[PDB]
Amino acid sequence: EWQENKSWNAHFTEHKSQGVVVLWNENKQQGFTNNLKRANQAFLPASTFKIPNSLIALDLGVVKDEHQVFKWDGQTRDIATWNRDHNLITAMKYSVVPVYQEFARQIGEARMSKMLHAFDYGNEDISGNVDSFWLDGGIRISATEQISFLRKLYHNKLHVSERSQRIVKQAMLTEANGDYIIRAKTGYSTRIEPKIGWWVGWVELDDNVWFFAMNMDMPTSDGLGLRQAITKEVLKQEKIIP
């Protein structure tokens, strides 16, 4: 069952933005969104693709473990945190595209395509360049589809090893305190209109898990912090976090 709560639209309009938050209550098997249509509209995954990409790279042995160092190629890029060595943890944390582009090249088109279908991931379409299709190729995924995929990951039900799933969930660790744990991944899609920001993941409580997926219009990078801020305002309104 699904419920539309348009009162959450206030959290977007108060920031002169537009978007969708989708929440899934795992215990109750109930979903909630401010916009049922946009919850089911398909967008480029951008850096949220680093979740499936990490899983595939680990399961195939392209990445041995979360400590393996991916050396900076020495090419100066405009994101300072990218001009350094990374492991899986820091590459996820800083959304280090060029590390994940090399993963995709080593995975290759055929194995990437087979694995996205096994994951039931989005439209499963890797049309485009193997090292950029999640940024400007044919792949698309909706917020509700993000939740379906994340629920499988949470339960270790994806068709990769338990180990690969545990490592990726470790790499998704974003926040933890005495009240909750958030495992999540941001995305920022600018190469194909409409430009959007993503935040997808889940909130672990003592006695429940709340999965979430949001995207929002992102005409400039000035608003990127709103991805987490709007999501958390919704979580606070629904008494999921303090």
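Quick note: we count residues from 1 along the sequence shown, nothing fancier.
Stretches compared: 162 to 170, 107 to 115. Higher mean C-alpha B-factor in the entry: 107 to 115.
With 26 to 34 and 180 to 188 compared on mean CA B-factor from the PDB entry, the stretch scoring higher is 26 to 34.
Taking the deposited Cα B-factors for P45, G201, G197, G61, the highest one is held by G61. Per the deposited record, the Cα B-factor of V21 falls in the lowest third when ranked against the other modelled residues of its chain. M218: CA B factor in the lowest third of modelled residues in this chain (values from the PDB entry). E145: CA B factor in the lowest third of modelled residues in this chain (values from the PDB entry). The PDB entry assigns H86 a C-alpha temperature factor belonging to the lowest third of its chain's modelled residues.
Among the modelled residues of its chain, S95 has a C-alpha B-factor that falls in the lowest third, as given in the PDB entry.
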